[PDB]
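Following: one structure in structure tokens, then a few remarks.
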Amino acid sequence: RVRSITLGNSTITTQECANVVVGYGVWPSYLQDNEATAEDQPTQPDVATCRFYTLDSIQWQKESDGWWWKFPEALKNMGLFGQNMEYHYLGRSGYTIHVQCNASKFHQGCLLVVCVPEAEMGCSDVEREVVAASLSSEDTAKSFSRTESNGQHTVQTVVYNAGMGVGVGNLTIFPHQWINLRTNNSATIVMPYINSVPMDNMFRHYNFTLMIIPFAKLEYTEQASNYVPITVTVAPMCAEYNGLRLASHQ
Amino acid sequence: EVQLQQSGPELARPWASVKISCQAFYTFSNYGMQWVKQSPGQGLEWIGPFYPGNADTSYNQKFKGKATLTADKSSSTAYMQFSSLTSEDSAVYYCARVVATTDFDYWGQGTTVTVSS
Amino acid sequence: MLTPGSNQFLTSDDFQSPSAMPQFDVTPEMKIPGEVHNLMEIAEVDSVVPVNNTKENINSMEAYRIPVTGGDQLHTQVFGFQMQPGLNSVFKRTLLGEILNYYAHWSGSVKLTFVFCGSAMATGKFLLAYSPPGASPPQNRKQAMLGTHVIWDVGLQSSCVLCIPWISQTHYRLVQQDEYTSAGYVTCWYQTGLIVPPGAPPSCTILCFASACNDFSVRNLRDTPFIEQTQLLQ
Amino acid sequence: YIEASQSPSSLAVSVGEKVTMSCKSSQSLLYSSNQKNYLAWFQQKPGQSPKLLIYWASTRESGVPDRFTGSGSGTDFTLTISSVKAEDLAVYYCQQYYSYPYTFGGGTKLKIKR
Amino acid sequence: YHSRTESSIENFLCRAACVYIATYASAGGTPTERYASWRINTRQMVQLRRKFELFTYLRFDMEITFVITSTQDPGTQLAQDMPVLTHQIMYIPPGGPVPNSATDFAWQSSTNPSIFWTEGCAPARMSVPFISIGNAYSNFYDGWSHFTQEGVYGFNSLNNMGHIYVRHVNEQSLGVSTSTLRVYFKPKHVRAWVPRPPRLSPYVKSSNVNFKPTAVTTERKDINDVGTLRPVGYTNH
């Protein structure tokens, strides 16, 4: 029984009935007048944000290692969201992530999808410091590595340390899901706003990192497709931005 | 300081089974008997232990499936059987006995098992 | 009135101290989601356990995968390990292990979940076995059959849950004490093999997760052994 | 298989000079419950029955002179003879009785320097 | 049923742990000797750093206790009858003036709370409240401090706790008296959010999360090899 969701009235989407992770248990919601530093009331643009911003499709192969995007920068050029990031100073939002693989029953594998909040990345050379380009490209996917990378200004892309310094087997403590091609084929994760101040600039701060890591490598016979595509969808929810009007009566 | 005896040194033949007994001058209470072999070089090598008072049997993997152990506590004589003997087994076969759980205090006399092809 | 023991500084005292900055109105707290109230909330979540750390996979992802292959293997053992968290090299690095190492006394039961990360058309059986603390591990499939066992059918069921209980004379057992042949062993054996239809992969991989039940308590906080370095940084 | 490694060279020294020899039992020989070392040194008169000299790695044997002193903990173990003698010719071995199999050392003959 | 009181956040993060051992002279020497300074942070003690970094956001007070022990110094012209010694303990909140040497004007600023402690009593204590602009200290910060998207990466954010300075009030004409300061730090009323996996690689920087690629666990003999590390005994002969 396929189900068709048309958020934004300009985007089509078909998905089956599945389980949904709600992040840390809280549903995303607008900021109320209780926990706000500014008495100036922020505006809430949601007419064009609430649509499915289908990212590019990546190719899971037999020798791949992992991938990871940095939000909210991943939607830097996606339509009206990029316009809002450019035209406003302070902004706040939660997200809804759909990840789907399209593989027949003769393939096999297992993926881990996590959303790590405040992911600080280590450097490839211990003494130096990372640069802005190595943390994330605009809307593509950065890749991990099997072997130590010996770069000079790049992050540490070793897969079994996640670039953070923790064991990759202990990332299940974060909001996560498993895509097991034997029985399961999709993942849905709802992520609220997690930060120490009610609003913050989108360009200077990376709210969180989406990580996809294959634990069991893809396998197939000689006569089969050489890859399994992975497709990512985001749907911003509960967006707010500061107000640009004169609070003082004039 | 208690002395220790055995069957004795005899000149054997190929594929002629050699029964080396080991006499007893102690009890059979949780103590152990074993052998090692004195080759021309590299000293000693363990062949297999037997623990009277525990009914425990064990063999070295260098002799596994090739040597067997039989023991008679009542008669004070216990056998160390072997067959398919080669010409490279000729060594001084020492019988050691231990009144302890983990120790190797006492030692034997020796038997010469040289053969003639 | 006062003993000379009244004027002392005891490092484990809980008394009110004079405020350095009175009349300072602190920032009100907001509702950041995901608050934790107790570290036992952390050890109850699943973590992937490196069961395959044979000295060449500890520096790779391969340590997490248990290899299963189909063929002439009649009763060869898939895997086996001793069930002693906090000290065993299999468990001491996961969430449960690194929470336990901060403590010196632990009590409760453990949970293991095996997930068959294989093809969707592969059929077979597996015989999980559990041996209590007062027993030697099995060596033949028949021996593991006559103890406590569960038969896992990888065609009908894709995941298996095994709950290891708490058996001990005393309430709290020390974390750092190696109980030789007194902790219990878990072993898995081939039962039928692995059957695949034409044109499908002939090998698979069985991941394992280990976590805590609701029954733990911990006691006697201490310092972890994993932080060998002690100097002040820089 | 537990392995032990004797010193590459024998004594090759004059009579009556203090000598130090060592056995490296790779696999650990210290027991948690007892804090015992299951390693004993042996002397083998060529043609006669060999006998151990220092057992438990801390105790001199009964009937053994005071010149032989064996110590050590962990994987390494060491032995000292305060003054070597010429009539005490043997091949010194180190034997571990921690776990099966029972492995002997490498040997160390009392060679000739005179 | 077994209680879980011993594992709660308070009982896990309210242990008083020594964070700084310093020494300072009294009369003779260059100006940098005569005072002892320390910036309050939890990124230099590896054990405390690991325990704090187990979480992401924290909110707590600070109780600080000073164990000051003084002694005489060998040399020439030793005093025989100095009455007592007194120490000034100064807390400098963020945005406060900082002394650059002993006998500076900043030691008399009325905005910096000071403790005058005379030796022989119980050690001095103070309790600093939650001093910050934001609503929680954040251990891990992903981003840049300046909105131009360049600067120090993930550091020197809006979280600070100030500095602490100690000096000898007693000007001493004859002899030099050394003193040693030990600072004990303890959080109170701790609130923690967003748990994290504990770290694996050795710590290398007091400001970065830089590291070396380390293994995931300890090696093992075989995939299906149980321990069996019990020697020969009465059981298992």
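In the structure tokens, the first chain shown is A, the next is B, and so on; residue numbers restart at 1 for each chain, and ligands run from 1 in the order shown.
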
| request: Would you mind listing what lies within 6 Å of residue 14 in chain E as a VMD selection string, with only C-alpha atoms counted and same-chain residues fewer than 4 positions away left out? | output: chain E and resid 10 186 to 187

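Neighbouring residues of residue 7 in chain B at 7 Å or closer, counting only C-alpha atoms and skipping chain neighbours under 4 positions away, are residues 20, 21 and 22 of chain B.
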
For the residues selected in the previous step, produce a file with N, CA, C and O atoms as a short mmCIF file (atom, residue, chain, number, x, y, z; two decimals), in the first residue's frame.
data_model
loop_
_atom_site.label_atom_id
_atom_site.label_comp_id
_atom_site.auth_asym_id
_atom_site.auth_seq_id
_atom_site.Cartn_x
_atom_site.Cartn_y
_atom_site.Cartn_z
N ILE B 20 58.16 -49.48 28.95
CA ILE B 20 58.98 -48.88 29.99
C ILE B 20 58.11 -48.69 31.22
O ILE B 20 57.25 -47.82 31.26
N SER B 21 58.34 -49.52 32.24
CA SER B 21 57.65 -49.34 33.50
C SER B 21 58.37 -48.29 34.35
O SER B 21 59.47 -47.84 34.03
N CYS B 22 57.72 -47.89 35.44
CA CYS B 22 58.28 -46.90 36.35
C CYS B 22 57.87 -47.27 37.76
O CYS B 22 56.69 -47.18 38.11
#

| If we count only C-alpha atoms, which residues of chain D reach to within 10 Å of chain B? Please list them as an MDAnalysis selection string. | chainID D and resid 38:40 42 44 46:53 55:56 61:63 91:93 95:108

| query | Counting only C-alpha atoms, which residues from chain B have an atom at most 12 Å from any atom of chain E, and could you show them as a ChimeraX atom specification? | reply | /B:29-32,49-58,100-103

Next, write the just-selected residues to a file, as a short mmCIF file (atom, residue, chain, number, x, y, z; two decimals), in the first residue's frame, keeping N, CA, C and O atoms as the atom set.
data_model
loop_
_atom_site.label_atom_id
_atom_site.label_comp_id
_atom_site.auth_asym_id
_atom_site.auth_seq_id
_atom_site.Cartn_x
_atom_site.Cartn_y
_atom_site.Cartn_z
N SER B 29 48.30 -40.51 45.81
CA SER B 29 47.31 -39.58 46.32
C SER B 29 47.56 -38.20 45.71
O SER B 29 48.39 -37.44 46.22
N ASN B 30 46.85 -37.91 44.63
CA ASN B 30 46.82 -36.60 43.98
C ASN B 30 48.21 -36.14 43.52
O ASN B 30 48.42 -34.95 43.28
N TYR B 31 49.16 -37.06 43.40
CA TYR B 31 50.50 -36.81 42.88
C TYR B 31 50.60 -37.39 41.47
O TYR B 31 49.72 -38.11 41.01
N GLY B 32 51.71 -37.08 40.79
CA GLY B 32 51.75 -37.36 39.37
C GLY B 32 53.01 -38.03 38.89
O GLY B 32 54.09 -37.90 39.48
N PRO B 49 52.00 -36.94 30.65
CA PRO B 49 51.82 -37.16 32.09
C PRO B 49 50.66 -38.08 32.44
O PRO B 49 49.71 -38.22 31.66
N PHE B 50 50.73 -38.72 33.60
CA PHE B 50 49.61 -39.46 34.18
C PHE B 50 49.52 -39.08 35.65
O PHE B 50 50.54 -39.07 36.36
N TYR B 51 48.31 -38.76 36.12
CA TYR B 51 48.13 -38.41 37.52
C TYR B 51 47.37 -39.51 38.25
O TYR B 51 46.14 -39.61 38.13
N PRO B 52 48.05 -40.37 39.02
CA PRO B 52 47.34 -41.28 39.92
C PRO B 52 46.60 -40.50 41.00
O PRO B 52 46.99 -39.41 41.41
N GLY B 53 45.49 -41.09 41.46
CA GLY B 53 44.63 -40.43 42.40
C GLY B 53 43.68 -39.42 41.79
O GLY B 53 42.89 -38.82 42.51
N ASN B 54 43.75 -39.22 40.47
CA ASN B 54 42.86 -38.31 39.76
C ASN B 54 42.27 -38.92 38.50
O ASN B 54 41.37 -38.30 37.92
N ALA B 55 42.73 -40.09 38.07
CA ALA B 55 42.22 -40.77 36.87
C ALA B 55 42.27 -39.85 35.65
O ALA B 55 41.34 -39.80 34.85
N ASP B 56 43.37 -39.12 35.51
CA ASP B 56 43.55 -38.15 34.44
C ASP B 56 44.55 -38.69 33.43
O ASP B 56 45.63 -39.16 33.81
N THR B 57 44.20 -38.61 32.15
CA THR B 57 45.07 -39.05 31.07
C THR B 57 45.25 -37.90 30.09
O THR B 57 44.28 -37.21 29.74
N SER B 58 46.49 -37.68 29.65
CA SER B 58 46.80 -36.63 28.70
C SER B 58 48.02 -37.03 27.89
O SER B 58 48.91 -37.73 28.38
N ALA B 100 53.11 -32.81 44.31
CA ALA B 100 52.65 -31.43 44.32
C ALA B 100 51.59 -31.29 43.24
O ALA B 100 51.33 -32.23 42.47
N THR B 101 50.98 -30.11 43.17
CA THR B 101 50.06 -29.81 42.07
C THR B 101 50.82 -29.28 40.87
O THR B 101 50.58 -29.70 39.73
N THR B 102 51.75 -28.34 41.10
CA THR B 102 52.56 -27.73 40.05
C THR B 102 54.01 -27.66 40.53
O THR B 102 54.45 -26.66 41.11
N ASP B 103 54.77 -28.72 40.27
CA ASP B 103 56.18 -28.79 40.62
C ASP B 103 56.81 -29.93 39.83
O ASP B 103 56.11 -30.71 39.19
#

Would you mind listing what lies within 12 Å of residue 156 in chain C as a PDB file with N, CA and C atoms, in the first residue's frame, with only C-alpha atoms counted and same-chain residues fewer than 6 positions away left out?
ATOM      1  N   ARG A 182      17.745  -6.872   3.533  1.00  0.00           N
ATOM      2  CA  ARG A 182      17.039  -8.144   3.626  1.00  0.00           C
ATOM      3  C   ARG A 182      15.543  -7.933   3.829  1.00  0.00           C
ATOM      4  N   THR A 183      15.172  -7.012   4.715  1.00  0.00           N
ATOM      5  CA  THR A 183      13.775  -6.809   5.081  1.00  0.00           C
ATOM      6  C   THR A 183      13.330  -5.358   4.999  1.00  0.00           C
TER       7      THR A 183
ATOM      8  N   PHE C 116      20.812 -10.780  11.179  1.00  0.00           N
ATOM      9  CA  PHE C 116      21.337 -11.489  10.015  1.00  0.00           C
ATOM     10  C   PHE C 116      21.341 -10.544   8.822  1.00  0.00           C
ATOM     11  N   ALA C 120      17.994 -11.848   0.972  1.00  0.00           N
ATOM     12  CA  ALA C 120      16.596 -12.074   1.310  1.00  0.00           C
ATOM     13  C   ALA C 120      16.096 -13.448   0.898  1.00  0.00           C
ATOM     14  N   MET C 121      16.935 -14.264   0.259  1.00  0.00           N
ATOM     15  CA  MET C 121      16.527 -15.571  -0.245  1.00  0.00           C
ATOM     16  C   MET C 121      17.389 -16.702   0.304  1.00  0.00           C
ATOM     17  N   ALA C 122      18.135 -16.459   1.377  1.00  0.00           N
ATOM     18  CA  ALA C 122      19.060 -17.436   1.932  1.00  0.00           C
ATOM     19  C   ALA C 122      18.435 -18.078   3.158  1.00  0.00           C
ATOM     20  N   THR C 123      18.474 -19.406   3.214  1.00  0.00           N
ATOM     21  CA  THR C 123      17.808 -20.164   4.261  1.00  0.00           C
ATOM     22  C   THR C 123      18.816 -21.021   5.021  1.00  0.00           C
ATOM     23  N   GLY C 124      18.556 -21.207   6.306  1.00  0.00           N
ATOM     24  CA  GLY C 124      19.414 -22.033   7.127  1.00  0.00           C
ATOM     25  C   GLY C 124      18.958 -22.006   8.567  1.00  0.00           C
ATOM     26  N   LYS C 125      19.746 -22.666   9.409  1.00  0.00           N
ATOM     27  CA  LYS C 125      19.490 -22.716  10.837  1.00  0.00           C
ATOM     28  C   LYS C 125      20.783 -22.464  11.593  1.00  0.00           C
TER      29      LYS C 125
END

| Contacts of residue 5 in chain E within 12 Å, only C-alpha atoms, excl. fewer than 5 positions in-chain, as an NGL selection string | (:C and (37-40 or 216-221)) or (:E and (10-12))

Restrict the calculation to only C-alpha atoms, then for each residue of chain D with any atom at most 12 Å from an atom of chain C give the closest atom pair and their distance in Å to one decimal, rows by chain and rising residue number, as JSON lines.
{"residue": "D:31", "atom": "CA", "partner": "C:178", "partner_atom": "CA", "distance": 10.7}
{"residue": "D:32", "atom": "CA", "partner": "C:178", "partner_atom": "CA", "distance": 8.3}
{"residue": "D:33", "atom": "CA", "partner": "C:178", "partner_atom": "CA", "distance": 9.7}

| request: Can you pull out every residue within 10 Å of residue 36 in chain A, counting only C-alpha atoms, but drop anything in the same chain fewer than 4 positions away, and send it as a ChimeraX atom specification? | output: /A:31-32,40-42,197-199 /C:30

For the selection you just gave me, I'd like the residues written to a file as a PDB file, in the first residue's frame, keeping C-alpha atoms.
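What landed in out06.pdb:
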ATOM      1  CA  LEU A  31       9.178  29.217  19.494  1.00  0.00           C
ATOM      2  CA  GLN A  32       6.738  30.538  22.079  1.00  0.00           C
ATOM      3  CA  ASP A  40      10.495  41.525  18.954  1.00  0.00           C
ATOM      4  CA  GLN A  41       8.333  38.842  17.447  1.00  0.00           C
ATOM      5  CA  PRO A  42      10.027  36.734  14.745  1.00  0.00           C
ATOM      6  CA  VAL A 197      20.500  29.825  22.379  1.00  0.00           C
ATOM      7  CA  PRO A 198      16.959  30.231  20.970  1.00  0.00           C
ATOM      8  CA  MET A 199      18.200  31.469  17.569  1.00  0.00           C
TER       9      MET A 199
ATOM     10  CA  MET C  30      15.257  26.931  28.416  1.00  0.00           C
TER      11      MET C  30
END

| request: Find the spatial neighbours of range 143-159 of chain A, counting only C-alpha atoms, within a cut-off of 6 Å - ignore same-chain residues fewer than 2 positions away - and output them as a PyMOL selection string. | output: chain A and resi 65-67+122-125+130+134+161-163

Rows by chain and residue number, chain A within 9 Å of chain E, shortest pair, only C-alpha atoms, as a Markdown table:
| residue | atom | partner | partner_atom | distance |
| --- | --- | --- | --- | --- |
| A:24 | CA | E:194 | CA | 8.7 |
| A:117 | CA | E:194 | CA | 8.2 |
| A:118 | CA | E:142 | CA | 5.3 |
| A:119 | CA | E:142 | CA | 6.1 |
| A:120 | CA | E:142 | CA | 5.2 |
| A:121 | CA | E:209 | CA | 7.1 |
| A:122 | CA | E:210 | CA | 4.5 |
| A:123 | CA | E:210 | CA | 5.5 |
| A:124 | CA | E:210 | CA | 8.0 |
| A:125 | CA | E:210 | CA | 8.0 |
| A:126 | CA | E:210 | CA | 5.4 |
| A:127 | CA | E:210 | CA | 7.9 |
| A:128 | CA | E:210 | CA | 8.9 |
| A:129 | CA | E:153 | CA | 7.5 |
| A:130 | CA | E:153 | CA | 7.4 |
| A:131 | CA | E:153 | CA | 8.2 |
| A:132 | CA | E:149 | CA | 7.7 |
| A:148 | CA | E:213 | CA | 7.0 |
| A:156 | CA | E:213 | CA | 8.3 |
| A:158 | CA | E:213 | CA | 7.2 |
| A:160 | CA | E:216 | CA | 7.2 |
| A:161 | CA | E:213 | CA | 7.1 |
| A:164 | CA | E:209 | CA | 7.3 |
| A:165 | CA | E:201 | CA | 5.8 |
| A:166 | CA | E:199 | CA | 4.9 |
| A:167 | CA | E:216 | CA | 6.0 |
| A:168 | CA | E:216 | CA | 8.2 |
| A:169 | CA | E:216 | CA | 8.5 |
| A:170 | CA | E:197 | CA | 6.0 |
| A:171 | CA | E:197 | CA | 6.8 |
| A:172 | CA | E:197 | CA | 8.8 |
| A:173 | CA | E:197 | CA | 6.9 |
| A:174 | CA | E:196 | CA | 7.5 |
| A:194 | CA | E:194 | CA | 8.8 |
| A:195 | CA | E:57 | CA | 8.6 |
| A:196 | CA | E:136 | CA | 5.6 |
| A:197 | CA | E:134 | CA | 5.8 |
| A:198 | CA | E:135 | CA | 8.9 |
| A:201 | CA | E:147 | CA | 7.9 |
| A:203 | CA | E:149 | CA | 7.2 |
| A:204 | CA | E:147 | CA | 5.6 |
| A:205 | CA | E:143 | CA | 4.4 |
| A:206 | CA | E:142 | CA | 5.8 |
| A:207 | CA | E:142 | CA | 7.4 |
| A:208 | CA | E:142 | CA | 8.3 |

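We find CA of residue 87 in chain D and CA of residue 43 in chain D to be spaced 12.6 Å apart.
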
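Look at range 3-19 of chain C: the protein and nucleic acid residues within 7 Å of it, using only C-alpha atoms and passing over chain neighbours fewer than 2 places away, are residues 1, 21 and 22 of chain C; 16, 122, 123, 125, 126, 127 and 128 of chain E.
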